[PDB]
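Q: need a structure here:
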Amino acid sequence: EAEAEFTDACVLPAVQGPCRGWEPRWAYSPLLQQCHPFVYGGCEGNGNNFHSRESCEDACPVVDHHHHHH
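A: Numbering: from 1, shown residues only. Now the structure:
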């Protein structure tokens with residue numbers, strides 16, 4: 001799959017970063033079961049930061065990235 005057993009972008013919230021500059025990005029929302037655009041800060045952020053609709057939709061929603069469920 002997308003192998004991401006670590007802190008998966010699909011499982012993580014969007015992160016803006018510590019700055020105050022504003023740059024549009026895409027992040028997956030599990031609470032929305034889908035991606036949406038958001039205001040990112042251009043500086044440091046986590047893996048749930050996509051550059052396009054495309055890349056975010058691959059991040060999810062697709063077949064469940066084989067997470068270590070019970």
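Q: now residue 39, which residues is it bridged with?
A: Listed beta-bridge partners, residue 39: residue 24 (assigned using DSSP bridges).
Q: ok, and the closest non-adjacent residue to the residue nearest the centre of the chain?
A: Closest residue to the average C-alpha location of the chain: residue 48 at 2.5 Å, with C-alpha atoms, centre = their mean. Nearest in space to residue 48, with sequence neighbours left out and distances taken as C-beta to C-beta, 6 or more residues apart in numbering, is residue 9 at 3.9 Å. The way it works is simple: take the backbone N, C-alpha and C, and place the C-beta from them, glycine included.
Q: Next up, the contacts around the one you found.
A: 27, 28, 46, 47, 48, 49, 50, 59, 60 (C-beta atoms under 8 Å, 6 or more residues apart in numbering).
Q: If we use 10 Å, what do you get?
A: 2, 27-28, 35, 46-50, 55-56, 58-60, 65 (C-beta atoms under 10 Å, 6 or more residues apart in numbering).
Q: Pick the one among those residues closest to residue 20.
A: residue 49 (16.9 Å; C-beta to C-beta).
Q: these two touch, right, the closest one and residue 37?
A: No. Between residue 49 and residue 37 there is no contact under C-beta atoms under 10 Å: 11.4 Å.
Q: Looking at these two now, which is surrounded by more residues?
A: For residue 49 versus residue 37, neighbours defined as other C-beta atoms under 10 Å are more numerous around residue 49 (22 against 14).
Q: Could you check what's spatially nearest to the more buried one, not counting adjacent residues?
A: Using C-beta to C-beta, 6+ apart, the closest residue to residue 49 is residue 25 (5.1 Å).
Q: In this structure the residue nearest to the centre of the chain contacts residue 17, no?
A: No. Contact criterion C-beta under 10 Å: residue 48 and residue 17 do not qualify, at 11.9 Å.
Q: Now list whatever residues contact both of the two.
A: residue 25.
Q: Where do the strands of the protein begin and end?
A: Remark: strands assigned in the chain by DSSP state E are 23-29, 34-40.
Q: closest to residue 70 out of the ones you listed?
A: strand 23-29 (22.5 Å).
Q: Give the other helices and strands that that closest one contacts.
A: strand 34-40, helix 53-59 (3 or more C-beta pairs under 10 Å, 6 or more residues apart in numbering; DSSP states H and E).
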